[PDB]
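Protein chains: 6
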Amino acid sequence: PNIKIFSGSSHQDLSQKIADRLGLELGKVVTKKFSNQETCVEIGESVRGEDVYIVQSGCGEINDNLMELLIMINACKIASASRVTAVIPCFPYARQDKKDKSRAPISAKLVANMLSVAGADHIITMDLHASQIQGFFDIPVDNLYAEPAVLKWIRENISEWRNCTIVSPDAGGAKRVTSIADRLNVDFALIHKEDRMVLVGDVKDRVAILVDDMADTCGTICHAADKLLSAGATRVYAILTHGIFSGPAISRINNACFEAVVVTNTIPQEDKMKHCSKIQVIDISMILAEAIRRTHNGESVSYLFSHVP
Amino acid sequence: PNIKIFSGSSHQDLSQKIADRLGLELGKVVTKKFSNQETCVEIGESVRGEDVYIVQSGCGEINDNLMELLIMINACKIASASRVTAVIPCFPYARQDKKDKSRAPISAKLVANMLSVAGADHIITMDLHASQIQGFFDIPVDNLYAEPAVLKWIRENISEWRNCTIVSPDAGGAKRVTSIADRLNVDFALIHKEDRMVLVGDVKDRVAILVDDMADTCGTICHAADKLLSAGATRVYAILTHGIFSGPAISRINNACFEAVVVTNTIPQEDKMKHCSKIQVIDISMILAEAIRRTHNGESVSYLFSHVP
Amino acid sequence: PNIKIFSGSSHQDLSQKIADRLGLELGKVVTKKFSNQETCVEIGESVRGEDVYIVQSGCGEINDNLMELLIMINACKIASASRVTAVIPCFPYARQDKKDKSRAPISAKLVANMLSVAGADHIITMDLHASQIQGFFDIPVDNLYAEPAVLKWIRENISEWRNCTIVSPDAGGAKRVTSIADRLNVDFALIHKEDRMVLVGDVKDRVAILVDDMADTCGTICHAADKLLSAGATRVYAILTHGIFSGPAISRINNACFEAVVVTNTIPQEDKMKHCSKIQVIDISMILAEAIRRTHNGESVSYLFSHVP
Amino acid sequence: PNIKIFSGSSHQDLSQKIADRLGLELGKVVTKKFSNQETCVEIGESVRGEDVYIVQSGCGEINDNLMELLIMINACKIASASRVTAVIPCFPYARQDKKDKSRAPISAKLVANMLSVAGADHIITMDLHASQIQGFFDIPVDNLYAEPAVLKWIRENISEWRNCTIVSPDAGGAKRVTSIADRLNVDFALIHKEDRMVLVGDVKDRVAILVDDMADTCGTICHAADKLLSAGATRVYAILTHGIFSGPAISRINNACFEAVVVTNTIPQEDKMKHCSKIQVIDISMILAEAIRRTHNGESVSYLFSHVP
Amino acid sequence: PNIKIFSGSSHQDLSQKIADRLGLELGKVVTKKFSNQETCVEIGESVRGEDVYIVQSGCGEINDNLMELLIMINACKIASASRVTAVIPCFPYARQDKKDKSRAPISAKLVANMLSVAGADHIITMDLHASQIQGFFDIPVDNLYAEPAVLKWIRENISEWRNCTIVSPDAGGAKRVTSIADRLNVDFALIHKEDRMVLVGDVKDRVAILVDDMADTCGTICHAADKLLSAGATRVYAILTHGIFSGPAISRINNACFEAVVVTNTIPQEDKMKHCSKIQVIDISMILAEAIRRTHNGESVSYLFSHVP
Amino acid sequence: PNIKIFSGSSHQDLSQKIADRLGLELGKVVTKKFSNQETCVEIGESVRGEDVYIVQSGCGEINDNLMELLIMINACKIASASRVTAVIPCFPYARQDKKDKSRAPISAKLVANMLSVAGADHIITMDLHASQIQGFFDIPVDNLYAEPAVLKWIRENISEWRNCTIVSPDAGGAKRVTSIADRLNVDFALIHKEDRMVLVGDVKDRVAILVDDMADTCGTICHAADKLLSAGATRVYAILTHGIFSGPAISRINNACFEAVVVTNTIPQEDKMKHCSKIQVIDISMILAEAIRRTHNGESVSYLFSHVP
Ligand SMILES: O=P(O)(O)OC[C@H]1O[C@H](OP(=O)(O)OP(=O)(O)O)[C@H](O)[C@@H]1O
Ligand SMILES: O=P(O)(O)OC[C@H]1O[C@H](OP(=O)(O)OP(=O)(O)O)[C@H](O)[C@@H]1O
Ligand SMILES: O=P(O)(O)OC[C@H]1O[C@H](OP(=O)(O)OP(=O)(O)O)[C@H](O)[C@@H]1O
Ligand SMILES: O=P(O)(O)OC[C@H]1O[C@H](OP(=O)(O)OP(=O)(O)O)[C@H](O)[C@@H]1O
Ligand SMILES: O=P(O)(O)OC[C@H]1O[C@H](OP(=O)(O)OP(=O)(O)O)[C@H](O)[C@@H]1O
Ligand SMILES: O=P(O)(O)OC[C@H]1O[C@H](OP(=O)(O)OP(=O)(O)O)[C@H](O)[C@@H]1O
Ligand SMILES: [Mg+2]
Ligand SMILES: [Mg+2]
Ligand SMILES: [Mg+2]
Ligand SMILES: [Mg+2]
Ligand SMILES: [Mg+2]
Ligand SMILES: [Mg+2]
Ligand SMILES: [Mg+2]
Ligand SMILES: [Mg+2]
Ligand SMILES: [Mg+2]
Ligand SMILES: [Mg+2]
Ligand SMILES: [Mg+2]
Ligand SMILES: [Mg+2]
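For the record, the sequence lines run as chains B, A, C, D, E and H. What the first sequence shows, in the entry's author numbering, is residues 2 to 195, 203 to 317, in sequence order. What the second sequence shows, in the entry's author numbering, is residues 2 to 195, 203 to 317, in sequence order. What the third sequence shows, in the entry's author numbering, is residues 2 to 195, 203 to 317, in sequence order. What the fourth sequence shows, in the entry's author numbering, is residues 2 to 195, 203 to 317, in sequence order. What the fifth sequence shows, in the entry's author numbering, is residues 2 to 195, 203 to 317, in sequence order. What the sixth sequence shows, in the entry's author numbering, is residues 2 to 195, 203 to 317, in sequence order.
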């Protein structure tokens, strides 16, 4: 069985980068819409007995991309692929992970069920919003971390990183920032709202680094940056693995006081970078390519949790 | 257990009509989008131990409506509804029912699987494109027919209906037109392409009635009407249960020679009727309401196959 | 269908209380061990067509209790009970909810799968460690909150509760304490370690109230109380819904500086209260009885989230 | 894919022997208990793409061992092992194979379901109490027989084996003893109770050999030996594949009249042999190692049914 | 929901008797064959929301009857029956319950799986060949016993029944005969082959009663009767719940020395009674009717295990 | 059948509270007067096959409220409600329960007869003036007690309640005060007139608690309080379930020496509390809601006699 890399419509640049780092060409697939807005998927090459990897991120027009992904998975499954893996850098509906005193659907579980019934045997994703989403599946799920690439960017871009601070925008981000701080050996502050917020950890004359999993409307990071500047921090950085940047996000970032908003390219950012000069992008295509290659060859994937390939 | 009728965003008028004919109010549900194009569903009333019916048609923005439908089904299922029924007047992806020498997904089967895994116990639909789609499910599926309402419209709108002709636009429509002709006791012609088409059945000075399940781009009915006028038919009618009317459909119908294009309101048509004066709408909300009420009360549903309620 | 309440061996007092508040007698079941440590379960009364509720908490000898619970569920399922509900006040293996950079099993998902395959149709539990565990099941799960009873105890036991403070022992407890503070209209502090910990929120001359979901070894609450007394708080309270109290817990609580350690009786505490004079117990059997009765009668269960029955 | 052998806590000696006969080292796994009696399993080596075999016998603290086994299976399954096999020399709850006019659970079926849902693809077991338990699974089950090793022991340990007798302790043991007698070409007696028992088959001055699948409380074999000595048999032997030896078993065997109680090491017997001088152990680790190796290499496993490796 | 009783083609007399004892008419169903030997099933009445019971015995042309049964179950399931129960007085392939050192299918498990996937929610059967077959299903299975009717026949037909003997034809029949003997308070003999057989239990001048679950080729009962007459028993009786009577059975019974071969009407016997004057039939339709009625009304079914209705 | 709660004009606040505690909306009913003072009742929703509860208290303009109640009962009865229950917290004409040497009507019996002939199937009332009024009906009557709520108020409002006294204003109130005293374990005094009255029971320096069923003109409680202060009691309390407060009542209470006059909200008191600062109100809407819910669900209602819901 050989690796076949297929791209959805959501993130073609990421898929091309991944295929480049594997020494492959993207699989021949036509993904369009009929006139009635129905997804049309045609696999243009035989995938019989192959190790198929479909790259599709939960971004853009989310329901359309998810439908395309499910249809591609099912097409490869009934075309007798030996194994079908969904490479989903940003997991759709990941924030619908709990009910919490509401008659709300756990939409992430529904997405996991639909991926399972489409025929996915393996999920590769990056920085799941909640790790418990791994339990929503009955198939193996590899949850990669952008932390190696984030630390690399911090070291090569913040000259004052030995005295800097790693700040979480909310309580739920504590573990990630603590890990980052430990690997950098730096002090780590915290922030949480009460319309007011409290920041704990000395930041005066010290660079603050907000680290968080995603920014959708950028209310969280903007409030955090406001408070960080209240406490007299010199410069403020925001680092995110998923730059959804929806709605008022670009205006808020433009009107905010960040020195940089760094995001990983799990979501295409070219358009967002057009209208916001302070957005920078970390390439994580090497981590995804390495994970695909290691799952194919049966090598350890947890090695990546601590090493940049 | 009491009937609860919930509406999706796709066809709110149809749901309101159905709820009216059942003497009920639509269930309290909020269906919106987050900023990142993610479906948000909130059931505003307890459905515990109730007989929930969700009305949503595979029209408009199809993937968005299907995602909303699945999310609503799952929300009602994990909110402890006794039974959840998906009322899907136009089944999405119904035309993806077969592979036919292509590495194509059978998307209708995938939709059936997703409806099953969301937790639907019953499907009510109208004029499935292929009856074999009933076999795609492991739950009961009630496939209603618009034929009663169609015959009623023909009798009350075509004064020459005793001498008229019932014509199929393609080979695959033969059974429906034969049934219509038998119930009307009229001659039935046929049409099939060869860029040329052949029409069999005397139509000169006789009204032709094209009857078909759906019109998406209206190429089929337009070519059929062209040939019918070649054979000297006096007036031409098109009757359809699903008026998708996507892409060039409205321009084609406006430039065509139909005396009327009649569709059933399984899909909202107000906007299409705005730009096409020859589209008429048959109400089928009574058939849907009667089917919902008969499934709830355990009465025979196959009774509707031959009787207008 | 009538309510049948069955008790496991884990918490017989709680089951008797629940049956009392429902006006019922506990179902006739023999639960013993064979000589080879194998669970023997014998339902002594017909459950055919009944609404069976099995009360068993993930406490004591956990694997034995879980096996007994699964065996009872399966026995009632193949004895033709109409519906089987597992009332699990403390969910076993709930802390194994994620992998987090380790080749660790998500044991909570395995427990959910085993409960599903034994034949449980409904789960009633109290204060799940992670709400995402609700997504581990495909059946409905009712996750009750001890917050109503906790607020009642605080108001009737802490005369200074209008000026008091609600403190979380770790970051992951933020939401619960914020809800408690909002319903009491009090200031809410926070605590997190760095061997050192930082406390945010004025507590001098003010009573601190640690609120947390469980205490297993009581390291978390003991460190939190140490820091709270460092910041000069007058008296310190710990409130918990699950008092596992395993290992060095009783000695730590005896050597600690709590004014009271209050727990809810989701786990039997008679033995622990024998060796620790500062443990108090909140009865939550009324919430469980009300939830059982409301699920049986089809009434709203989410009503309990805000009201003491 | 390479063989990985993992040991549970139940029978570490058997697992070490099996790994020795395969030329392997036991896989690196930590299996302990948290303070609250919860099973903790940590796979210390990557099993990605490997052929994992977990050795765990339904002995000792049975529910704890079964939970450990299920947790290990699930851990290896979601760690992307190519195939997971449960090597279960003594199947837990095997005697709960039928209902038989009681509202009793078929606990063996529940255990099979839990093994399936944990993710086991293959079961290797020895001398199932009922062969129909193979039908409880939907995965392949290899049910090895200790008969080759038993015949070897009889021939090398009973000098009078050509004139001896093979006796069943109950009716349900008839097939096994008949097979043993046929392979030895000896007369076979039978025993069954009526507090009295009847023995059929001449045994005077002839050695009797009780052969049975398991001895739990040793009431069956002790009553059989009593009757055999009533009929004037010279010496009495008991041979068993599973020596559970629970409760009053050791005292009964010490007070009985056996010349030897021979058991196979599907269960650890060191402790039991400490307090009973007449217990002897047949090694069956070679049969288990050969079965593991033959399933891995795709060679015939049914070959072992008649040949000692 | 009301009881609907449907008959297959296998045993129409039994179904009519059952419907009579329930005060019902048999449901309107057409069960025929197309020209190509394909089963055609048409439910002639609505079963929507009803409690459907399909009576079909594993007799006659077994594969044809089983296919008809599965097709009827599926037809009633997708016709929206509330609950479908398969009343299978003689379970097909019940003797294929184990592998036993052969690459043989466990066909009984396959039949259980097919019944489950057709949509059966409940199985009612009589005297399963192995009780472990109840574990082959994941749905409830009621395994009725003919013992009440057998004891009634013995008491009303064998005037010497207080001094008689209850004999098992093989080892595997021990439990049934022991139960019969206990309820009659009589001595119980046993028989097993070695071409020779041994009988244990005094039978001289005493009537022997062979009791067994089924007679297929009647080799077992004929050899048992031969040995019983060797031991000087006065008269010999054979009692069976399933009279398959295939192949040389009728000639063997005619040439044998039975005073009577009594069978229960789980299989039609009119044709067999035509060519064998010593076959008598016990009606068990009352037990089946009582079980159907008690499962419908939610009353105890295990009551029948000891009482003739 | 579902619960329908309808409010009369007498006590709309109580009905809204009851509907809130049942999770319902008040039924749509228009209750007005024509110009000629005639009651107009229009049920605005179908009550066919429903469980109708009409809440109306014998207060305010009593004859008008009673006529409205009877008209509503009759309207729901001839609108085919399955069952109609009159929830009458204060029973009108309850004090006309006997003749007693006068040509007086037993008006309470007449009211019971009119309620029966209007079509009421069930009466729920609170603290009937005479229990024998239950015998005036031939339908079931549930006579709830305010004693649980009264004891709760006493314990949470009179800090000296362990040494207090429970005093009856007249002889006819003996049973109620004795029950209250027994549940509180306190001494109970008594009072009865001779223009003079005698008080029995030590009250010096002890709080006296007058407990009585109703206060109409408050002559009884005012004379009792006068005597209690004659005997040197420190503070005096009056507790009543029905605060009619007609005529000179408010002036008498204002000029009296009560520390508090506590009443239950069986009658609206907002207007009376406007002109009397010492009137406090106990909510009993939870008892009424619980009784309605328990009668609907068939649960025990006599449970409430001893427990606050
Ligand atoms: O839309 P934005 O203002 O950019 O906010 C996005 C936030 O949503 C998620 O947090 P969530 O609110 O789910 O809290 P949690 O991380 O504690 O679950 C995530 O951690 C981001 O902080
Ligand atoms: O987009 P339009 O030009 O309006 O055509 C829509 C056609 O699609 C379907 O037919 P299909 O081509 O699937 O053939 P079939 O009915 O024989 O399957 C349907 O019967 C319509 O005739
Ligand atoms: O054994 P103890 O010292 O009593 O600690 C028990 C802790 O375990 C859980 O927290 P966890 O460590 O899982 O963190 P989380 O709540 O943030 O997930 C729980 O919230 C308790 O605080
Ligand atoms: O606890 P002990 O006295 O050692 O008895 C253990 C017995 O249990 C099993 O027989 P079972 O009673 O299940 O009968 P069966 O073999 O006929 O099913 C097994 O065959 C042993 O003989
Ligand atoms: O075809 P016949 O000669 O009439 O034999 C039929 C026999 O088959 C079954 O026994 P089986 O051989 O399966 O043994 P068991 O009952 O011990 O399983 C059954 O108990 C009958 O005795
Ligand atoms: O109008 P008021 O001065 O407030 O009096 C109202 C009194 O009427 C009732 O007593 P009743 O006189 O009927 O005597 P009884 O309770 O002994 O029947 C009731 O018990 C009150 O005590
Ligand atoms: Mg969140
Ligand atoms: Mg967050
Ligand atoms: Mg087609
Ligand atoms: Mg067509
Ligand atoms: Mg945790
Ligand atoms: Mg915590
Ligand atoms: Mg047995
Ligand atoms: Mg045995
Ligand atoms: Mg057999
Ligand atoms: Mg047999
Ligand atoms: Mg009076
Ligand atoms: Mg009075």
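Just so you know, even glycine gets a beta-carbon here, dropped at the ideal spot from N, CA and C.
CA-to-CA distance, C:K78 to E:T242, given in whole angstroms: Each residue's Cα considered, the two are about 49 Å apart.
For H:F7, the residue or residues it bridges with in DSSP: Looking at the DSSP output, H:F7 bridges to H:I55.
Quick one: is D:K78 near chain B, going by C-beta distance under 9 Å? Output row for D:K78: interface = yes.
Which complete alpha helix (DSSP H) runs does the segment 136 to 164 of chain B hold, if anything under 4 residues is left out? Qualifying alpha helix (DSSP H) stretches, in chain order: 148 to 158.
Measuring from the CB of C:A299, is there a heavy atom of ligand 17 at a distance below 8 Å? Taken from the Cβ of C:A299, every heavy atom of ligand 17 lies 8 Å or farther away.
Nearest candidate by alpha-carbon position, reference H:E161, set H:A82, H:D188 and H:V270: If we check each option's Cα against that of H:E161, H:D188 comes out closest.
Option nearest B:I124 by Cα separation, candidates B:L296, B:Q97, B:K34 and B:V142: For the residues B:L296, B:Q97, B:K34 and B:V142, the minimum Cα distance to B:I124 belongs to B:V142.
Where the beta strand (DSSP E) containing D:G227 begins and where it ends: Taken as a continuous stretch (DSSP letters only), D:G227 belongs to no beta strand (DSSP E), being part of the alpha helix (DSSP H) at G227 to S238.
Indicate, with yes or no, if ligand 2 has a heavy atom lying under 8 Å from the CB of A:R96. Yes, since a heavy atom of ligand 2 falls inside the 8 Å radius drawn around the Cβ of A:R96.
Taking the alpha helix (DSSP H) that B:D221 belongs to, which residues open and close that run? Run containing B:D221: none in the alpha helix (DSSP H); it sits in the beta strand (DSSP E), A216 to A223.
Less than 8 Å separating the Cβ of C:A257 from some heavy atom of ligand 3? C:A257 Cβ: within cutoff of ligand 3.
Starting from A:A87, follow the beta strand (DSSP E) in both directions and report where the run begins and ends. Unbroken beta strand (DSSP E) run through A:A87: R84 to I89.
Determine the closest residue to D:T32 out of D:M73, D:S47 and D:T166, with distance taken between C-alpha atoms. Nearest Cα to D:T32 within the set D:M73, D:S47 and D:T166: D:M73.
Based on the DSSP secondary-structure assignment, which residues constitute the bridge partners of A:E43? As a beta-bridge residue in DSSP terms, A:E43 pairs with A:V31.
Within the chosen definition, does the segment 41 to 56 of chain A reach the segment 264 to 274 of chain B through at least 3 CB pairs nearer than 8 Å? Three or more beta-carbon pairs separated by less than 8 Å are not found between the segment 41 to 56 of chain A and the segment 264 to 274 of chain B, which leaves the two stretches without contact.
Pick from C:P93, C:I134 and C:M127 that is closest to B:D98, judged by C-alpha positions: B:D98 has its Cα closest to that of C:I134, out of C:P93, C:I134 and C:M127.
Would A:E51 count as contacting chain C if we go by Cβ distances under 9 Å? Yes, A:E51 lies at the interface with chain C (some Cβ there is under 9 Å from its Cβ).
So does D:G174 have its beta carbon nearer than 8 Å to some heavy atom of ligand 16? Judged by the Cβ position, D:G174 fails to qualify as a neighbour of ligand 16 at the 8 Å threshold, every heavy atom of the ligand being at least this far.
Note down the Cα distance separating A:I6 from A:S16, rounded to an integer number of angstroms. Each residue's alpha carbon lies about 8 Å from the other.
So the beta strand (DSSP E) H:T249 belongs to, where does it begin and stop? Taken as a continuous stretch (DSSP letters only), the beta strand (DSSP E) holding H:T249 covers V244 to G251.
Residues that E:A76 bridges to, as DSSP identifies them: Its beta-bridge partners do not exist; DSSP assigns none.
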